[PDB]
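[1] quick one, fold the following:
(2 chains, ligands or ions: 6)
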2 protein chains.
Amino acid sequence: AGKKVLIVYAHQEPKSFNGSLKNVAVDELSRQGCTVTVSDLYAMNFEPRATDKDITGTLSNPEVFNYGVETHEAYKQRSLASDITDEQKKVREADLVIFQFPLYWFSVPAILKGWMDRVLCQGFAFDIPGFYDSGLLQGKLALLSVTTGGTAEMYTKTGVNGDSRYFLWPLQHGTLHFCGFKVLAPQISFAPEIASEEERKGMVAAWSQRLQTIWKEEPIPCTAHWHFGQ
Amino acid sequence: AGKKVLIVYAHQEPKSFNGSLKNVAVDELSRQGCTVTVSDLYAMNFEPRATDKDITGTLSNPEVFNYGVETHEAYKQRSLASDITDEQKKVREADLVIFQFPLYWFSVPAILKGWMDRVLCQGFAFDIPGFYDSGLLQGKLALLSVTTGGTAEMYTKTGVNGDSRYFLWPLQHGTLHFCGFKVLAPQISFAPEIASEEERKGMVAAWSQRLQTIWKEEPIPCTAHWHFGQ
Ligand SMILES: Cc1cc2nc3c(=O)[nH]c(=O)nc-3n(C[C@H](O)[C@H](O)[C@H](O)COP(=O)(O)OP(=O)(O)OC[C@H]3O[C@@H](n4cnc5c(N)ncnc54)[C@H](O)[C@@H]3O)c2cc1C
Ligand SMILES: Cc1cc2nc3c(=O)[nH]c(=O)nc-3n(C[C@H](O)[C@H](O)[C@H](O)COP(=O)(O)OP(=O)(O)OC[C@H]3O[C@@H](n4cnc5c(N)ncnc54)[C@H](O)[C@@H]3O)c2cc1C
Ligand SMILES: CN1C[C@@H](O)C2=CC(=O)C(=O)C=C21
Ligand SMILES: CN1C[C@@H](O)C2=CC(=O)C(=O)C=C21
Ligand SMILES: [Zn+2]
Ligand SMILES: [Zn+2]
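    Numbering: from 1, shown residues only, chains lettered A, B, ... in the order given. Ligands and ions are numbered 1, 2, ... in the order given. Next comes the structure:
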């Protein structure tokens, strides 16, 4: 019954364009009766570093630290840091995970990258036995809501930065799809700083308009063809 | 003449394959008479998060905080956090910058992504205009030395992960080249964890061997065709 939604927000300013898109997602999804949880990473001062402090108690090898094996063991032994576990709890219960963030070097901001590095550990998000279409998070929907600095023009197959689908690869396919996520079509708000009040008001409008039928949307075919192909 | 190289290291275990590759570069370049410097991010507990704490002076817009704008203005006014300016000092005098890290979700670890987000600020690494071939860091060489869990086979066009050059796009083009860096062919040491004891020694030997003639190398054609083809 009903749907649960987690929004991983990554911006320092509540009055930013990102903040508005995030508030619009909450308003709409909340008006729809959906269950909404938000992770304000900056506000939570979320630990981005993948260290040995992510494992509580004794390590399975205090001689040579291997973050990948340690977390897998910590997860299976329920001994991960509480901040990491608190997040996995939200992801486990979610039906739709929305990532709201400004583009930082063709990728997500470091605080957001830390999230994925620490929260999506082996055993919870994936495992040798099953990744991609066999990820441990299959059945869940993922969506990237990103804002850029460069104009949509610059993000064309013949533009300077190249086609936006290029930088989406490491995120949609390499991460989301890898964990079994049904990646939805990204929502990109091109150069909101450059745009005007009219244009900006219009961007946030399309965001909310789309949020009315996201449960109706079809998962994007996360393939090498979709991103780079033609 | 002499040369200065900066290795931005990002691994927690000094005994890891990455740590070995890092000590190797340090030994080889150093043997050649080169000026080397290592930025062991984890050992420095490097701040990955981009926040208002990176600016010391008065904020241009104390009402709405904008990291990009604030760090640009702070850089010109010399009001950036010392940990940030200390890194820019290293990059500035560097002829070659090598990034030593294990692949994390088709990208760099959060701690290393934070370095790119905070260190390569507007005014220092690039300007608008003044990016890509016009980058402020033009005349410098940059190299990505990545180690992964996946195998070379998995990282092929028809592989489960796609060609390894795909995930190198945001980093080589979107980041380094954007900053004016001449990108040298990446050094990828595939699945050293699965490789045999001899194959591991083989991957290390190939590293130090390539470094012996690194200065005679030429940058790759950092273009969409080089990465994807088409
Ligand atoms: C370290 C770093 C790396 C970066 N890397 C890249 C990169 O690789 N590629 C790239 O393209 N860009 C990059 N950028 C730029 C970045 O993507 C943009 O600055 C950012 O996405 C702008 O979004 P914002 O939310 O910060 O904008 P804002 O600063 O919020 O500006 C947008 C405008 O929206 C207005 N606004 C707020 N709420 C509303 C509302 N409800 N209705 C109408 N208007 C509203 C604001 O007041 C403001 O004037 C980078 C920036 C930094 C700091
Ligand atoms: C959060 C997270 C996300 C990840 N995402 C991805 C991803 O998207 N794609 C992907 O492919 N992988 C991914 N990985 C896996 C990661 O890239 C590999 O685990 C890592 O690159 C292995 O390098 P290492 O230095 O950590 O190995 P090590 O743990 O050091 O193991 C390699 C072996 O090398 C041996 N060794 C070290 N030095 C020497 C030497 N001098 N001579 C001989 N043998 C030596 C070691 O003792 C060890 O047995 C991820 C891992 C984590 C933790
Ligand atoms: C801060 N800012 C404004 C925006 O124009 C922009 C584009 C980039 O590619 C980048 O690295 C930084 C940017
Ligand atoms: C630790 N490990 C094993 C290696 O096979 C691997 C590939 C990934 O894509 C990933 O996220 C984690 C991995
Ligand atoms: Zn995919
Ligand atoms: Zn390029």
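[2] what's the neighbour count on whichever residue of chain A sits closest to ligand 2?
    Per CB to the nearest ligand atom, residue A:68 is where chain A lies closest to ligand 2, at 3.6 Å. Backbone N, C-alpha and C define where each C-beta goes, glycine included. By other CB atoms under 10 Å in any protein chain shown, 14 other residues sit near residue A:68.
[3] how far away is residue A:130 from residue B:58?
    Counting by CB to CB, to the nearest Å, the gap from residue A:130 to residue B:58 is 53 Å.
[4] which of these two has more neighbours?
    residue A:130 (13 against 10).
[5] quick check: the residue sitting nearest the centre point of chain A vs ligand 6, distance?
    The residue lying closest to the centre of chain A (CA atoms, centre = their mean) is residue A:99, at 3.8 Å. Distance, residue A:99 to ligand 6, using CB to the ion, to the nearest Å: 26 Å.
[6] ok, residue A:32 next?
    On the measure of CB to the ion, residue A:32 and ligand 6 end up 43 Å apart.
[7] what's the closest non-adjacent residue to that residue?
    Among residues not flanking residue A:32 along the chain, residue A:212 sits closest, at 7.5 Å (CB to CB, 6 or more residues apart in numbering or on different chains).
[8] kindly report the residues of chain A close to ligand 3.
    Selection of chain A residues close to ligand 3 by CB under 6 Å from any ligand atom yields A:149, A:150.
[9] chain A: helices as residue ranges?
    A:17-31, A:41-44, A:67-76, A:82-93, A:110-119, A:165-171, A:197-210, A:224-227 (DSSP state H).
[10] distance to chain B added to those helices, as CSV?
    Output for these, formatted as CSV (distance: least, CB to the nearest CB, whole Å):
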stretch, distance to chain B
helix A:17-31, 10
helix A:41-44, 7
helix A:67-76, 6
helix A:82-93, 13
helix A:110-119, 4
helix A:165-171, 4
helix A:197-210, 13
helix A:224-227, 5
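[11] quick check: end-to-end length of stretch A:38-58?
    32 Å (CA to CA, to the nearest Å).
[12] buried sites along it?
    For stretch A:38-58, the neighbour count (16 or more other CB atoms under 10 Å in any protein chain shown) marks A:38, A:39, A:40, A:41, A:42, A:46, A:47, A:48, A:49, A:50, A:54, A:55 as buried.
[13] likewise stretch A:56-76?
    A:59, A:65, A:66, A:67, A:70, A:71, A:72, A:73, A:74, A:75.
[14] next: stretch A:186-201.
    A:186, A:187, A:188, A:189, A:190, A:191, A:192, A:195, A:200.
[15] pretty sure the second one sits against residue A:143.
    Which is residue A:187. Yes - with contacts counted by CB atoms under 8 Å, residue A:187 reaches residue A:143, the gap being 6.9 Å.
[16] ok, residue A:193 - contacts?
    The contact partners of residue A:193, by CB atoms under 8 Å, 6 or more residues apart in numbering or on different chains, come to A:17, A:149.
[17] got a list of what the nearest residue to residue A:71 once chain neighbours are set aside touches?
    In space, and not counting its chain neighbours, residue A:71 is closest to residue A:121: 4.1 Å by CB to CB, 6+ apart. By CB under 8 Å, 6+ apart, the contact set of residue A:121 is A:71, A:72, A:74, A:75, A:80, A:84, A:88.
[18] at 7 Å what do you get?
    Contact analysis of residue A:121 by CB atoms under 7 Å, 6 or more residues apart in numbering or on different chains lists A:71, A:72, A:75.
[19] quick check: it vs residue A:172, distance?
    20 Å.
[20] residue A:223: how many residues sit nearby?
    12.
[21] quick one: it from residue A:140, how far?
    19 Å.
[22] how about the nearest residue to residue A:177 once chain neighbours are set aside, phi and psi?
    Nearest non-adjacent residue to residue A:177, counting by CB to CB, 6+ apart: residue A:222, 4.2 Å away. Dihedral pair for residue A:222: phi -70, psi 90, per degrees, to the nearest 10.
[23] still on that earlier bit, save the buried residues of stretch A:56-76 as a markdown table, and put in distance to residue A:94 too.
    As requested, these are exported to a markdown table (distance: CB to CB, whole Å):
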| residue | distance to residue A:94 |
| --- | --- |
| A:59 | 30 |
| A:65 | 31 |
| A:66 | 29 |
| A:67 | 25 |
| A:70 | 26 |
| A:71 | 20 |
| A:72 | 22 |
| A:73 | 25 |
| A:74 | 22 |
| A:75 | 18 |
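[24] what's the most distant pair in the residues you listed?
    By the measure CB to CB, A:65 and A:75 form the most distant pair in the buried residues of stretch A:56-76, at 16.2 Å.
[25] near ligand 4, which residues of chain A?
    Counting by CB under 6 Å from any ligand atom, the residues of chain A close to ligand 4 are A:68, A:178.
[26] near ligand 1, which residues of chain A?
    Residues of chain A lying near ligand 1 (CB under 6 Å from any ligand atom): A:11, A:15-18, A:20, A:102-106, A:147-150, A:192-193, A:197, A:200-201, A:204.
[27] can we see that at 5 Å?
    A:16-18, A:20, A:102-106, A:147-150, A:192-193, A:200-201 (CB under 5 Å from any ligand atom).
[28] take those residues and keep only those in strands.
    A:102, A:147 (DSSP state E).
[29] which residue packs closest to whatever residue of chain A ends up closest to ligand 6, ignoring adjacent ones?
    Going by CB to the ion, ligand 6 is nearest to residue A:162 of chain A, at 8.4 Å. Leaving aside its sequence neighbours, residue A:162 sits nearest to residue B:224 (CB to CB, 6+ apart; 5.2 Å).
[30] from residue A:221, how far off is the one you found?
    Between residue B:224 and residue A:221 the distance is 21 Å, computed by CB to CB.
[31] specify which member of the contacts of residue A:121 is nearest to residue B:32.
    residue A:71 (38.6 Å).
[32] hmm, back to that, mind putting the buried residues of stretch A:186-201 into a markdown table with distance to residue A:32?
    Putting the buried residues of stretch A:186-201 into a markdown table (distance: CB to CB, whole Å) gives the following:
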| residue | distance to residue A:32 |
| --- | --- |
| A:186 | 21 |
| A:187 | 17 |
| A:188 | 23 |
| A:189 | 21 |
| A:190 | 26 |
| A:191 | 29 |
| A:192 | 25 |
| A:195 | 27 |
| A:200 | 24 |
